[PDB]
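Taking it in order: structure first as structure tokens, then the write-up.
Below, read A as the first sequence line, B as the second, and so on, with proteins coming before strands; counting in each chain starts at 1. Computed from heavy atoms alone, side chains included, the values below leave out hydrogens, waters and symmetry copies.
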Amino acid sequence: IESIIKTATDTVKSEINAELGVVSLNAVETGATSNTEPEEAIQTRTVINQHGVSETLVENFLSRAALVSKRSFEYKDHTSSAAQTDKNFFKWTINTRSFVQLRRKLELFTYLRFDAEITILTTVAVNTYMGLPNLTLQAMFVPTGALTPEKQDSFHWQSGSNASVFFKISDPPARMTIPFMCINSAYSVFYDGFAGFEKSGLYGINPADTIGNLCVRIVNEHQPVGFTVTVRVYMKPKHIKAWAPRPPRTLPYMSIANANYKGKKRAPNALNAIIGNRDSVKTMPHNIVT
Amino acid sequence: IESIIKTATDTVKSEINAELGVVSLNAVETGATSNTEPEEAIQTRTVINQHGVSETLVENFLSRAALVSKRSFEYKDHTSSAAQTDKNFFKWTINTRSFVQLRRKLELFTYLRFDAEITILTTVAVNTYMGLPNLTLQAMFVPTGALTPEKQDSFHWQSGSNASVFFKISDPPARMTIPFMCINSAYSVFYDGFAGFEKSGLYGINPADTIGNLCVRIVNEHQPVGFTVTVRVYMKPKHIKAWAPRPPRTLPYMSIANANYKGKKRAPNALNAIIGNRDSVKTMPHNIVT
Amino acid sequence: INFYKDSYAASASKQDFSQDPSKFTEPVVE
Amino acid sequence: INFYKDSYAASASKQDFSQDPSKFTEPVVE
Amino acid sequence: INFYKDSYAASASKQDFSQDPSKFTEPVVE
Amino acid sequence: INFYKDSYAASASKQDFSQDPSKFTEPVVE
Amino acid sequence: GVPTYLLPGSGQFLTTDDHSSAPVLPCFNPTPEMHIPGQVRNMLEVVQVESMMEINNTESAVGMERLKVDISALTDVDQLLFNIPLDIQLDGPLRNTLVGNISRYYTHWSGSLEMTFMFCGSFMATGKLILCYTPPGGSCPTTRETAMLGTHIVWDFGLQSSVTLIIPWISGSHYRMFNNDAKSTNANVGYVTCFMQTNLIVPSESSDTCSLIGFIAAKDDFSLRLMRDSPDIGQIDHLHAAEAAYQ
Amino acid sequence: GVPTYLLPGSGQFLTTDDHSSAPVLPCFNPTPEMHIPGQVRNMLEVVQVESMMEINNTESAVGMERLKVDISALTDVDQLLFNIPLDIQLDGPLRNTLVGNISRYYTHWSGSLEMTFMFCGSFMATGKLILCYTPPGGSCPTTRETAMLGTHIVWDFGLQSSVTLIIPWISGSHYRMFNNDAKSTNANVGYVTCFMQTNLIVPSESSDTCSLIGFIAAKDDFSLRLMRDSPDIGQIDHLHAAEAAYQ
Ligand SMILES: CC(=O)N[C@@H]1[C@@H](O)[C@H](O[C@@H]2O[C@H](CO[C@]3(C(=O)O)C[C@H](O)[C@@H](NC(C)=O)[C@H]([C@H](O)[C@H](O)CO)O3)[C@H](O)[C@H](O)[C@H]2O)[C@@H](CO)O[C@H]1O
Ligand SMILES: CC(=O)N[C@@H]1[C@@H](O)[C@H](O[C@@H]2O[C@H](CO[C@]3(C(=O)O)C[C@H](O)[C@@H](NC(C)=O)[C@H]([C@H](O)[C@H](O)CO)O3)[C@H](O)[C@H](O)[C@H]2O)[C@@H](CO)O[C@H]1O
């Protein structure tokens, strides 16, 4: 029965039981957890328990601002740079899967509905030193699959209808709230299927669950010297509803595209040994020596 | 009897006493302080005493922001530096015992319950001069014993669940309130025992009373020149409850790990002479010459 | 405090203390 | 003034003028 | 919120949900 | 809005719509 | 205008701050909330679900063999079968549990634990075990007459596939803390041991070795404080295809 | 938005400011307050507890010998035994007292002091002392007939192990201040002297030299203003193991 819980439950005092009838012995096979109370197992005292439960609220457990993107690029003249390089601008398809602390926390659930509070920290380093330029950056939110700019002075940066944020390095970090955007009532943290009508689509990736694109340029023309500009994107989920909890990820993540697994070479978190080994089942690992 | 005291007490006028019965002579041996009033000792006047007592409130006496940590490190390229050096980042186990003004004030009590308001001042000096970079720093709060980062670009700085504060040198100092965190209802300022079940643990140190860790990096990649970056951490206790006052520390502190004592070589504050010497007990040290 | 016109813009809602752990601990029928 | 959601975040509480010095000056029973 | 003396200075007025699509979809008389 | 103690410190007073143009257009007596 | 002054902490980005921020999409209407089964509002709901202990965290126990304890018929009495270390903040048989993994996002914890053991022999397999919780202090008890002086349940698994050993919250402090020190008086919960109370006694056509699956959950007096990054996941590189998000 | 302007003092960190600041741990529930004995809400509670004066702050008085004054039988009358300097803000017999150490966190002080002397001879030891407080102005009185013109108590320590000399607050100003000038009219409290009122008269099997332990407390008219760093502790280095907090 659903109830409001702000503190952990009190313990009632209990006495000696010696009864022939009603049971510390439950039924595992029903899939139910043991409802055996400590009052029924040992002889207890009354404890008025004032321990709050608010820090394990799913809103508090997930509304931590976590690093989701970290991109360095050269801020310089890119007349003669490679066609792979971020030429004063990068684009980033927003995902929660590239950094494993946020990834494992969000993958504790099957479905998540949250607004995405996006914080953008920019740091700059000179590639001799003459000082750091207070550069203006543009972060433009582009939807999944939509047109992203192809150069720094692209006419896609005009943002007639795309939301752009302009921000300076000397400023506080740029901060935007992206709404809950999904075409569904929740994001699918795990998607058991293909999101395409042919059989060649990607498994596990529903583009409904992709927030969108951060297209981040430097608005400034290049300086006579080069700079390395590191953009860090932080996401805080908020107004979070979470559904269907899952086993946590035990093995190391291999990719962001899937739930592929290798494990570590030895215990802990190996394919065939998640917990580190002890010598025997009757060996106590941190036995007090007296 | 407990009472609200906002001003010092008034003096009532008194007259000549010549009484055979009730007593200026008390009982020291009971451990009680003399309750002899000035009305009972001399012949007094009426004084309406309007002197406030608010500056000796324990909240005011202890909610001064005091220097608790002061760490300089080189902000430079650390490809070829020693493995002892802070390589653009330091960690600090939060203690109140490294700086003796705050240490003696907090060690005036046996038990303290306070929230820790943490203020972080960062100063930078060039190691010729080209200007000071407005650097971004990360201060990440890590619990006692938990994993702290091992390099500057560690993936532990992503802060999926650790609280991190990002702050710039041009900004006002970073300021966070750390709550009262102890597993007990107060911190033990002094801990007469071992906090481990074997007999090899540290005496006097209860890790329940350790606030946590400040892991402070520079978020910026290194510049072509080197900088000395001094981080000063300030702690203001607040919402303070204090229990069981103690004799103040008289001898100089030797360590932060214990209450070991040496004294100074001569009086004052020597092992066998806390107060500076006078010639005799009937020698007045600052006698008015007329 | 929220001076934005969208309700999703607001701060986090750390106020929902309703629990129903029995949908995971007792998902049985009898 | 406090716009934070945690009560420990607030400013210092310099308002407690209750004293009981007799628990240190007269800790005797008679 | 608007502390300017001109009413045009205010933020955008995203509150007009009145529609009359029939002036474009049914501009007929019978 | 004015948080200064002097009344001359305030913003401009663009609210006086009283006109008497007849003291310039009809300064005649009959 | 308004006379203001900036405080210390102005312009900082604390990752745990709680503020409204600018809507990137004005007048966006989110998709209507649909009822989805299994909503979690508080992580203590997950932590109260019993999940398999890896008591057989030994070498040669490979994969799924680690989630059961094989008990055999013994020819000596009062014999120790297995023991379980009890610090849920540490690595051990409790770590990859629902109570263990959620607790290692936290530092401080309070509250009782329940251990449920399911006997998975045959119907014809009979026997009695004693499951002892020893509060901390000294070494782990190795004989039965030493361990039954603590909290214990005696379990006939004749008709009864399961019992619960409540590990009651018996601590000096309101919370126990992780500090990477297993032997700390602020950390150590004590011990769970299992002994042959009688003997595993099977007939000739039952399998002579039977298995126990152990579970652990938290009770509803359980609490978790001081949220930290989990030591259970980590990276020293970028993952595969993470660069493809920039392309 | 709101038209604002920054005042002088914007962005400063005053170490005595009083503001709310950002919670590092949202929804942290602190450990429940338990009643602990001996709560101090105001430092004047400590300052009213009598504590030993180090009146014998001389050389050859080693350690604990400094906390008692040995009185002997004398063969001249009206003789001076000891004197006490009275500025609680200075170094002297009052400094390492509970009233002295807390006052030296402050600059300004008002209020009466009490001096309690415990006679620690034998039961058979008899005698009368006169404990004189002299308000400031001139030199410390050296003869008994000069000192008894001030505030005094005459104490027979025959059956009476203790008396109290109230040093009443007699000052021109509301407060007395420390300025590192002992002879200042804003600082100097005057003198406490002790004289043989009769003689320490012991029998042959009592110890012929007897000790006095002197105490000082503050009264409840006592006040302290202007909080400063204490001159009683200091450092010119980092302490031992302080570097280990960075490792
Ligand atoms: C730090 C300390 O006081 N003692 C160290 C020993 O604990 C260590 O022995 C190894 O400890 C391992 C601990 O298990 C975890 C953990 O920290 O909880 C389990 C985590 O899931 C795992 N995390 C990931 C991402 O895989 C974590 C990780 O492997 C380690 O932090 C990597 O160092 O380990 C485990 O039980 C091992 O089986 C055990 O041998 C010894 C090394 O023998 O070093 C001590 O410093
Ligand atoms: C400054 C002034 O006007 N006169 C100086 C004399 O006072 C000084 O004579 C010495 O004074 C010493 C003062 O005692 C303290 C104090 O300042 O109150 C006692 C403190 O507890 C002690 N602090 C610590 C951390 O140990 C402090 C400290 O030792 C001094 O500041 C260090 O200089 O001293 C004390 O009574 C001495 O016994 C007395 O000789 C003379 C030197 O003879 O110098 C004058 O400038």
Under a 4.5 Å cutoff for heavy-atom pairs, which residue among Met140(B), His156(B), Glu198(B) has the most contacts with chain G?
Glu198(B)
Checking heavy atoms, do the side chain of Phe178(G), its backbone, both or neither come under 4.5 Å from chain B?
both
What are the two closest heavy atoms between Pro136(G) and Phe197(B), and how far apart are they?
CB-CZ, 3.6 Å
Output, in order, the C-alpha distance, side-chain angles, deciding distance and verdict of side chain to side chain contact (heavy atoms under 4.5 Å, CB included) for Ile183(B) and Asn186(G).
CA-CA 8 Å; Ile183(B) 61 173; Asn186(G) 295 317; 3.3 Å; yes
Atom pair CD (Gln12(G)) and NZ (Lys168(B)), whose distance is rounded to the nearest 0.5 Å:
10.5 Å
Under 6.0 Å from the CD atom of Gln247(G), do we count more than 12 heavy atoms belonging to anything else shown?
yes
Check the surroundings of atom OH in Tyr191(B): do more than 12 heavy atoms from other residues, nucleotides or ligands lie under 6.0 Å from it?
yes
Atom CD1 of residue position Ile236(G) - does it have more than 12 heavy atoms of other residues, nucleotides or ligands inside 6.0 Å?
no
So how far is it from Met181(B) CE to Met177(G) CE, rounded to the nearest 0.5 Å?
8.5 Å
If I take atom CZ from residue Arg228(G) and atom OG from residue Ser161(B), how far apart are they, to the nearest 0.5 angstrom?
10.0 Å
Would you sort out whether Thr144(B) and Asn179(G) count as a side chain to side chain donor-acceptor pair (under 3.5 Å), showing the intermediate values?
CA-CA 5 Å; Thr144(B) 304; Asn179(G) 56 349; over 6 Å; no
Among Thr185(G), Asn180(G), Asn188(G), single out the residue with the greatest number of heavy-atom pairs under 4.5 Å to chain B.
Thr185(G)
Heavy-atom proximity to chain G below 4.5 Å, by part of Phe141(B):
side chain
Can you tell me which portion of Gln158(B) sits under 4.5 Å from chain G's heavy atoms? Options are side chain, backbone, both or neither.
side chain
Atom pair CG/OG of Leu147(B) and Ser230(G) - distance to nearest 0.5 Å:
9.5 Å
Heavy atoms only: give me the nearest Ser173(G)-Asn184(B) pair and the separation to one decimal.
OG-OD1, 2.5 Å
If every non-hydrogen atom of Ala163(B) is compared with every non-hydrogen atom of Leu14(G), which pair is closest and at what distance?
CB-CD1, 4.5 Å
Indicate the atoms forming the closest heavy-atom contact of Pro8(G) with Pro172(B), along with that distance.
CA-CB, 4.0 Å
Which residue out of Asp181(G), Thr15(G), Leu7(G) racks up the most heavy-atom pairs below 4.5 Å with chain B?
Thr15(G)
Give me the ring orientation class for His238(G) and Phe155(B): parallel if the planes are under 30° apart, tilted from 30 to 60°, perpendicular past 60°.
perpendicular
Going from CG on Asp17(G) to CE on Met176(B), what distance comes out if it is rounded to the nearest 0.5 angstrom?
12.0 Å
Other residues, nucleotides and ligands only: do more than 12 of their heavy atoms fall within 6.0 Å of CD on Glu2(B)?
yes
Side chain from CB out, backbone as N, CA, C, O: work out which of these in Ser10(G) comes under 4.5 Å of a heavy atom of chain B, or both, or neither.
both
Choice from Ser164(B), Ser185(B), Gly196(B), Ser154(B) maximising heavy atom contacts with chain G below 4.5 Å
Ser164(B)
Please say whether more than 12 non-hydrogen atoms of neighbouring residues, nucleotides or ligands are located less than 6.0 Å from CE in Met52(G).
no
Check the surroundings of atom OH in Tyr111(B): do more than 12 heavy atoms from other residues, nucleotides or ligands lie under 6.0 Å from it?
no
Is the number of heavy atoms from other residues, nucleotides or ligands within 6.0 Å of CD (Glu243(G)) greater than 12?
yes
Return yes when atom NZ of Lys105(B) has more than 12 non-hydrogen atoms of other residues, nucleotides or ligands closer than 6.0 Å, and no otherwise.
yes
For residues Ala195(B) and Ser184(G), report the shortest heavy-atom separation together with the two atoms involved.
O-OG, 3.1 Å
CZ of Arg225(G) to SG of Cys182(B): how many Å apart, nearest 0.5 Å?
8.0 Å
For chain B, which candidate among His108(G), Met227(G), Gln235(G), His174(G) shows the most heavy-atom pairs at distances under 4.5 Å?
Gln235(G)
